[PDB]
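Student: Sequence below, structure please.
(chains A and B)
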Amino acid sequence: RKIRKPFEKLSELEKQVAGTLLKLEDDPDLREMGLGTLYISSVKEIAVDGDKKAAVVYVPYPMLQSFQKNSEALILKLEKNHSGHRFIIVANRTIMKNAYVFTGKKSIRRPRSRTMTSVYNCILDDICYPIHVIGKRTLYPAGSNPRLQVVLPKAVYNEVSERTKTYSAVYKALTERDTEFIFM
RNA sequence: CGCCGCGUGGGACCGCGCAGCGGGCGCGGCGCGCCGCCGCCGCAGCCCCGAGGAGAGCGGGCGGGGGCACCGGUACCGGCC
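Tutor: Numbering: from 1, shown residues only, chains lettered A, B, ... in the order given. Please see the structure below:
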């Protein structure tokens, strides 16, 4: 019964992560808030560039903000329990296709947050929930292949210098764009 | 035969869509949709952003800008000693 945190039947990786989450409520290491009946949905095993492969943990969108109240406590604990992976929390928000859906009688329409442009920007924020993006210039270079550039404060740069490689490669998985990062 | 007709395709550009969905019942009078009815537990259910557009606000100075009342100063002209 590893069913207390995730959902359904999955591959080997998620069950071990579910175990860390079961002890995680038991350990009150700054994670008491929200945890106790906080549940997850899926994990993405993504091989990130040359860095240790960083896996993603899709967390249900209603329970995303409460889960990430102290996001640091989730990532550090997770790494110690399952070394080799820099885990990243992402809400499973969904893009709805068709801005208006016509049933003939009425056009039901799509909400704004369910669109690719709205979803992608919200994905970057989950990759760096503690650090707010200073700016997101896009470089469409001379030889084609647009690359997203993200600017963050230099104060947090020393910490996220190491974790930028896992973040850029995972966002390449979530979004086709060749995202790259820079600091002020 | 200019054909603003029609048929099929495309859907960038161009405008334009207020209403919640979805499941089941269900083969609703040869198949279906209606049309209901039940929270029925399946939806991240339901907000682009915030124009060196625009209106509104507060603050702080700005000016022979407008009105209205009051008024002072010589000068010109007139009447005096």
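Student: Around the nearest residue to residue A:68 once chain neighbours are set aside, how many other residues sit close by?
Tutor: Of all residues not flanking residue A:68 in the chain, residue A:129 sits nearest, at 4.8 Å (C-beta to C-beta, 6 or more residues apart in numbering). For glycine as for every other residue, the C-beta is placed from the backbone atoms N, C-alpha and C. By the measure other C-beta atoms under 10 Å, the count of residues near residue A:129 is 20.
Student: And residue A:129, its phi and psi?
Tutor: Backbone torsions of residue A:129, given as degrees, to the nearest 10, read phi -60, psi -40.
Student: Spell out which residues of chain A are next to RNA strand B.
Tutor: A:60-62, A:92-96, A:99-100, A:102-103, A:105-109, A:111-114, A:118-119 (C-beta under 7 Å from any atom of the strand).
Student: Please verify my assumption that residue A:141 contacts residue A:147.
Tutor: Yes: look at residue A:141 against residue A:147 with C-beta atoms under 8 Å: they come within range, at 6.7 Å.
Student: If you count surrounding residues, which of these two has more?
Tutor: residue A:147 (14 against 9).
Student: got the contact list for the more buried one?
Tutor: Neighbouring residues of residue A:147 by C-beta atoms under 8 Å, 6 or more residues apart in numbering: A:138, A:139, A:141, A:177, A:178, A:179, A:180.
Student: how about a cut-off of 7 Å?
Tutor: A:139, A:141, A:178, A:180 (C-beta atoms under 7 Å, 6 or more residues apart in numbering).
Student: relative to its centroid, which residue of chain A is most remote?
Tutor: residue A:105 (38.6 Å; C-alpha atoms, centre = their mean).
Student: can you confirm it is in a helix?
Tutor: No: read with DSSP: H, G, I helix; E, B strand; the rest coil, residue A:105 is coil and lies in no helix.
Student: which residue sits closest to the residue nearest the centre of chain A in space, ignoring its chain neighbours?
Tutor: Centroid-nearest residue in chain A: residue A:90, 2.7 Å away (criterion: C-alpha atoms, centre = their mean). Spatial nearest neighbour of residue A:90, excluding adjacent residues (C-beta to C-beta, 6+ apart): residue A:126 at 4.4 Å.
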